[PDB]
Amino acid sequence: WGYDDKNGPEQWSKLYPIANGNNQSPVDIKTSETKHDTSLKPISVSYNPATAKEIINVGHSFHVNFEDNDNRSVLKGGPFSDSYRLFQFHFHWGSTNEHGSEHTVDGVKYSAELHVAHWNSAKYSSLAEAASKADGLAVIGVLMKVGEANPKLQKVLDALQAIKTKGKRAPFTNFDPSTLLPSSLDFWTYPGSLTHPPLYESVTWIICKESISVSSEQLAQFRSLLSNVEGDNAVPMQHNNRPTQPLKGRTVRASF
């Protein structure tokens, strides 16, 4: 699978059939239609800089990975009775500056999107057990708005020199990805899926209502990454965002 025209989102179904399921992400959040739910506590993020393990190039994107064998870095709060464990964060972008984000709000597409992934440390014992589970994963989504260079991006953008080709991997230590979040964690939540394959309808989505800034050049650093393996040609990572999906009667809750 991939984001190319011959293996993209459109051919995913004729491959993974859940892509035409009932709980697909990303989606468009129509604000006139959200619901303030009163049982929604705020969201508390308690990450530890020293769980920061490595950065690695997975060919369609890159990931920053964390140590996930105790609740050292947790997502607590929101719609969650349980504490969720941080294990990864990563990004999404597009061909140009006007649509790299996966979620849209009110039909407004953003330049990129930040995803911060947790699994249910406390109902399940492993993340492979957790992946298929409707209540297994929790991802925070942060819209990215083209403007000023983000300072806290740099410390990770500075690290892609060392993972330029597909499979290339580098150590990445002392990082609090909470530093990447907006000042307000006012958010929406809806039940949804993973946005690329395996596409598991197992993600409880947290979408911060506040954007963060990324600069036009920082987005270019995203596309200086290579889909290919070393020695092979250069094919750069141009986009890796899925089109929005049908809500199919799902309810998007606001925390405000």
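Quick note: we count residues from 1 along the sequence shown, nothing fancier.
- Higher mean CA B-factor, judged across 10-18 and 241-249 from the recorded values: 10-18.
- Comparing 59-67 with 45-53, the higher mean C-alpha B-factor in the PDB entry belongs to 45-53.
- For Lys164, the recorded CA B-factor ranks within the middle third of the chain. Only modelled residues enter the ranking.
- Sort the chain's modelled residues by C-alpha temperature factor and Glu113 lands in the lowest third, per the entry.
- For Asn228, the recorded CA temperature factor ranks within the middle third of the chain's modelled residues.
- Annotation for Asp135: CA B-factor lies in the middle third of the chain's modelled residues.
- Residue-level temperature factors show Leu143 in the lowest third of its chain, judged at the C-alpha atom.
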